[PDB]
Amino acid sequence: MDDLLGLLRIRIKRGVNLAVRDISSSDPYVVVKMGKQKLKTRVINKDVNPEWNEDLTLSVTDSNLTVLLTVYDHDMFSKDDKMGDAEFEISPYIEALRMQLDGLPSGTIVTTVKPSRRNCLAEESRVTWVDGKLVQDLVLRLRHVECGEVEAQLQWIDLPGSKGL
């Protein structure tokens, strides 16, 4: 689409020990923001360990963009409460995507991003080459909230027509 390098697939896997925002539980959904783009998972009802396993799909024009991720507690007839947020860099994953990864076996670890004061990794993050595809695993520790983390996996979808990688 005349800048599009392709499509970043953010597999939102699960939230672990998310914060309580209705008495006893929460109705968490995730909002992803990058540039003008804004994607949301479904609400999962009354579960602070929600298993979304939901794919959000963004278009990439910048190899060097931030993905902001925010969790909210859905309240149907009132205001939704904040449940924390994180952000992560996609540049390490895009750099790795232009790397000629043929030949390397399944399970080849190609880049490692480490937890820093300034990033939201709870663990170090593995850009792993597996089954012919380049995948990055993320455990994001949410900011600005008393507990919780979200597990995600980045994957990549090529778009025929676009500017390419």
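Just count from 1 along the sequence shown to find any residue number.
Requested in this report: Take the C-alpha B-factors listed in the entry for 72 to 80 and for 88 to 96, compute each mean, and give the stretch with the larger one.
Outcome: The deposited B-factors put 88 to 96 ahead on the C-alpha mean.
Query raised in the report: On average, which has the higher Cα B-factor in the deposited entry, 39 to 47 or 127 to 135?
Result: It is 127 to 135.
Query raised in the report: Out of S116, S63, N53, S26, which residue has the highest Cα temperature factor in the PDB record?
Result: Checking the PDB record, the top C-alpha B-factor among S116, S63, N53, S26 is at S63.
Report task. Between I109, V32, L58, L121, let me know which has the highest C-alpha B-factor in the entry? Result -> By C-alpha B-factor in the record, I109 ranks first.
Query raised in the report: C-alpha B factor of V67, ranked within the chain: lowest, middle or highest third?
Result: It falls in the middle third of the chain.
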